[PDB]
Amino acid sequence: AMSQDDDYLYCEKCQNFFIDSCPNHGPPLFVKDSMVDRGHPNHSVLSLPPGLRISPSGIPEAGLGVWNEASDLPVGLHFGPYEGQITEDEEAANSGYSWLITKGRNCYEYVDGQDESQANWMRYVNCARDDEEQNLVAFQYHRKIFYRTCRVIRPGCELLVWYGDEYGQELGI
């Protein structure tokens, strides 16, 4: 099903899956991470795109988060890939910084962003607790994870993504 296929992107506005472009809205804008030498100790922070900022989360006791600063982020903006250490080790399942990547056919990997020198800024994106504060949707594409904006994000708003139902229960949501 196009719904479940890695090769396809999805247009929020149209509900269309496509390979290159939505026929109505054109190709999606992927925002690049900033350049940082591989393995840099502050790699995850320094990889942050211009216009955003890592600062304490607005969620109580949630540590750091990612805020939008420069200007309105439109719907359908794409971020990623989520970087980290790829592994099947199940202690990665518990870092709290891992996304499951489905390789299809009851087999999977983890991309673990726990190590800041290996991860990118997306490790700092916190979990939405309600659909009203969620402005990012995580999804798998080309065997990797990306976040796309599912509403307009104004300056001064925290970016917030949904972690999946299992981790959400763990967070008390």
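So that there is no doubt, residue numbering starts at 1 and follows the sequence shown.
Of the two segments examined, 101-109 and 121-129, it is 101-109 that shows the higher average Cα temperature factor in the deposited entry. Looking at 78-86 and 91-99 together, the entry lists the larger mean B-factor for 91-99, computed on C-alpha atoms. Highest CA B-factor among the listed residues (9, 150, 159, 14): 14.
In this PDB entry, residue 59 carries a Cα temperature factor that places it within the middle third of its chain's modelled residues.
Annotation for residue 70: C-alpha temperature factor in the highest third relative to the rest of the modelled chain, per the entry.
Sorting the modelled residues of the chain by their CA temperature factor places residue 28 in the middle third. In the PDB entry, a CA B factor belonging to the middle third of its chain's modelled residues is recorded for residue 36.
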